[PDB]
$ cat model_16.txt   # compact mmCIF, C-alpha atoms
# COMPACT_ATOMS: atom_id res chain seq x y z
CA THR W 1 121.27 91.18 152.48
CA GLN W 2 124.61 91.99 154.12
CA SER W 3 127.90 90.15 154.62
CA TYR W 4 131.52 90.78 155.57
CA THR W 5 134.83 90.21 153.81
CA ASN W 6 138.53 90.97 154.13
CA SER W 7 139.76 93.93 152.09
CA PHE W 8 143.20 92.35 151.45
CA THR W 9 145.65 94.98 150.12
CA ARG W 10 143.72 97.48 147.95
CA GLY W 11 142.37 101.08 147.94
CA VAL W 12 145.67 102.84 147.19
CA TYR W 13 145.61 105.92 144.97
CA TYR W 14 148.00 108.70 143.94
CA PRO W 15 147.80 111.38 146.68
CA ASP W 16 149.67 113.97 144.58
CA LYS W 17 149.89 115.01 140.94
CA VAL W 18 153.70 114.85 140.75
CA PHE W 19 155.58 112.08 138.94
CA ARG W 20 158.04 109.64 140.50
CA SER W 21 160.18 106.73 139.31
CA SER W 22 162.02 104.22 141.52
CA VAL W 23 161.06 106.39 144.50
CA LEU W 24 160.05 105.05 147.92
CA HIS W 25 158.11 108.20 148.81
CA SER W 26 155.85 108.01 151.86
CA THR W 27 152.77 110.12 152.51
CA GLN W 28 150.25 110.77 155.28
CA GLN H 1 119.19 136.50 165.27
CA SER H 2 118.82 139.97 163.80
CA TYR H 3 121.93 141.72 162.47
CA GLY H 4 120.49 145.13 161.68
CA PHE H 5 122.62 148.07 160.59
CA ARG H 6 122.15 151.78 161.22
CA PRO H 7 124.11 154.61 159.57
CA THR H 8 124.42 156.30 162.97
CA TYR H 9 126.71 153.49 164.15
CA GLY H 10 130.39 154.37 164.45
CA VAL H 11 133.49 152.55 163.28
CA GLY H 12 133.70 148.88 164.20
CA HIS H 13 129.93 148.47 163.80
CA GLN H 14 129.38 149.65 160.22
CA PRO H 15 128.84 146.81 157.73
CA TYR H 16 132.06 145.52 156.17
CA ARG H 17 131.44 143.71 152.88
CA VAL H 18 134.21 141.12 152.56
CA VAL H 19 135.31 138.92 149.66
CA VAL H 20 138.06 136.38 150.36
CA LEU H 21 139.91 134.71 147.49
CA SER H 22 141.09 131.14 148.08
CA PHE H 23 143.97 129.81 146.00
CA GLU H 24 145.33 126.30 145.54
CA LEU H 25 148.62 126.99 143.76
CA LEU H 26 150.25 123.58 143.45
CA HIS H 27 151.61 121.05 140.98
CA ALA H 28 148.39 120.54 139.03
CA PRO H 29 146.76 121.52 135.71
CA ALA H 30 146.59 125.31 135.75
CA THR H 31 143.39 127.02 134.60
CA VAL H 32 143.57 130.57 136.05
CA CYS H 33 146.72 132.45 135.07
CA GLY H 34 148.01 135.98 134.76
CA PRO H 35 148.58 138.14 131.68
CA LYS H 36 152.03 136.86 130.70
CA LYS H 37 152.69 136.52 126.98
CA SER H 38 153.61 133.00 125.91
CA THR H 39 156.81 132.71 123.87
CA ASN H 40 158.07 130.05 121.48
CA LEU H 41 159.41 126.83 122.98
CA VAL H 42 163.11 125.98 122.73
CA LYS H 43 164.84 122.66 123.36
CA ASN H 44 168.42 121.65 124.16
CA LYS H 45 169.39 125.18 125.26
CA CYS H 46 169.62 126.70 128.73
CA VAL H 47 166.70 129.07 129.38
CA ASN H 48 164.79 130.65 132.27
CA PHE H 49 161.54 128.71 132.07
$ encode --input "model_16.txt" --output "structure tokens"
Amino acid sequence: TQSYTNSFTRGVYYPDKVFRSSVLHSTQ
Amino acid sequence: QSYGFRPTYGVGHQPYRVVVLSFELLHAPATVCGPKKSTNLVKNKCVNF
């Protein structure tokens, strides 16, 4: 069968390999 | 379609074997590296890492 749902807030990974702490870095 | 080669062809038509090396130098675990000798590690002292 098939059905729909709402993804909520999820599916966020680390784009880069560098390390951050208390950083509000944005990425595209 | 056919891409035949003849020795009688002049410059600009002779076959040109090409190899292109693609690099991804970035902040990531390094696997391919040059022939640089590794030295001992030192802490709490200014060095040119």
$ interface_residues --input "model_16.txt" --of "chain W" --to "chain H" --cutoff "9 Å" --atoms "only C-alpha atoms" --output "PyMOL selection string"
chain W and resi 16-18
$ residues_around --input "model_16.txt" --residues "region 1-5 of chain H" --least-positions-apart "6" --cutoff "12 Å" --atoms "only C-alpha atoms" --output "PyMOL selection string"
chain H and resi 12-16
$ atom_distance --input "model_16.txt" --atom1 "CA of residue 17 (chain H)" --atom2 "CA of residue 35 (chain H)"
27.8 Å
$ build_atoms --input "model_16.txt" --residues "region 5-27 of chain W" --atoms "N, CA, C and O atoms" --output "compact mmCIF listing (two decimals), in the coordinates of the input"
# COMPACT_ATOMS: atom_id res chain seq x y z
N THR W 5 133.70 90.75 154.56
CA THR W 5 134.83 90.21 153.81
C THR W 5 136.09 90.92 154.27
O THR W 5 136.05 91.89 155.02
N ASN W 6 137.23 90.41 153.80
CA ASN W 6 138.53 90.97 154.13
C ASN W 6 139.05 91.76 152.94
O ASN W 6 139.13 91.23 151.82
N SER W 7 139.41 93.02 153.17
CA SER W 7 139.76 93.93 152.09
C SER W 7 141.07 93.58 151.40
O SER W 7 141.35 94.13 150.33
N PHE W 8 141.88 92.70 151.98
CA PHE W 8 143.20 92.35 151.45
C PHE W 8 144.01 93.64 151.37
O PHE W 8 143.83 94.56 152.18
N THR W 9 144.92 93.74 150.39
CA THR W 9 145.65 94.98 150.12
C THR W 9 145.03 95.61 148.88
O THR W 9 145.12 95.07 147.77
N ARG W 10 144.38 96.76 149.07
CA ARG W 10 143.72 97.48 147.95
C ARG W 10 143.39 98.90 148.42
O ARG W 10 143.70 99.22 149.58
N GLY W 11 142.78 99.72 147.55
CA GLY W 11 142.37 101.08 147.94
C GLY W 11 143.55 102.03 148.08
O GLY W 11 143.55 102.83 149.03
N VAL W 12 144.53 101.94 147.17
CA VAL W 12 145.67 102.84 147.19
C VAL W 12 145.63 103.67 145.92
O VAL W 12 145.57 103.13 144.81
N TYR W 13 145.67 104.99 146.08
CA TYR W 13 145.61 105.92 144.97
C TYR W 13 146.88 106.77 144.92
O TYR W 13 147.82 106.54 145.68
N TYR W 14 146.91 107.73 144.00
CA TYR W 14 148.00 108.70 143.94
C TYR W 14 147.59 109.93 144.74
O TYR W 14 146.70 110.67 144.29
N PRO W 15 148.17 110.17 145.92
CA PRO W 15 147.80 111.38 146.68
C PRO W 15 148.08 112.68 145.93
O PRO W 15 147.29 113.62 146.00
N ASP W 16 149.19 112.74 145.20
CA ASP W 16 149.67 113.97 144.58
C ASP W 16 149.70 113.82 143.07
O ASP W 16 149.59 112.73 142.52
N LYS W 17 149.87 114.96 142.40
CA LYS W 17 149.89 115.01 140.94
C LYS W 17 151.30 114.91 140.37
O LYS W 17 151.45 114.90 139.14
N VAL W 18 152.32 114.85 141.21
CA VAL W 18 153.70 114.85 140.75
C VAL W 18 154.12 113.44 140.37
O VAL W 18 153.53 112.45 140.80
N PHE W 19 155.15 113.34 139.53
CA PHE W 19 155.58 112.08 138.94
C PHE W 19 156.84 111.58 139.63
O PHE W 19 157.74 112.36 139.95
N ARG W 20 156.90 110.26 139.85
CA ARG W 20 158.04 109.64 140.50
C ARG W 20 158.42 108.36 139.76
O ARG W 20 157.60 107.76 139.07
N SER W 21 159.68 107.96 139.91
CA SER W 21 160.18 106.73 139.31
C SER W 21 161.26 106.16 140.20
O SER W 21 162.23 106.85 140.52
N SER W 22 161.11 104.89 140.59
CA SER W 22 162.02 104.22 141.52
C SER W 22 162.19 105.03 142.80
O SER W 22 163.29 105.19 143.32
N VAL W 23 161.07 105.56 143.31
CA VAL W 23 161.06 106.39 144.50
C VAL W 23 160.22 105.69 145.56
O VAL W 23 159.13 105.18 145.28
N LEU W 24 160.73 105.67 146.79
CA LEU W 24 160.05 105.05 147.92
C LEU W 24 159.31 106.08 148.76
O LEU W 24 159.27 105.98 149.99
N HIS W 25 158.75 107.09 148.11
CA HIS W 25 158.11 108.20 148.81
C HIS W 25 156.98 107.71 149.71
O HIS W 25 156.20 106.84 149.33
N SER W 26 156.91 108.29 150.90
CA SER W 26 155.85 108.01 151.86
C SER W 26 154.99 109.25 152.05
O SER W 26 155.47 110.38 151.92
N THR W 27 153.72 109.03 152.35
CA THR W 27 152.77 110.12 152.51
C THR W 27 151.83 109.81 153.67
O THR W 27 151.64 108.65 154.05
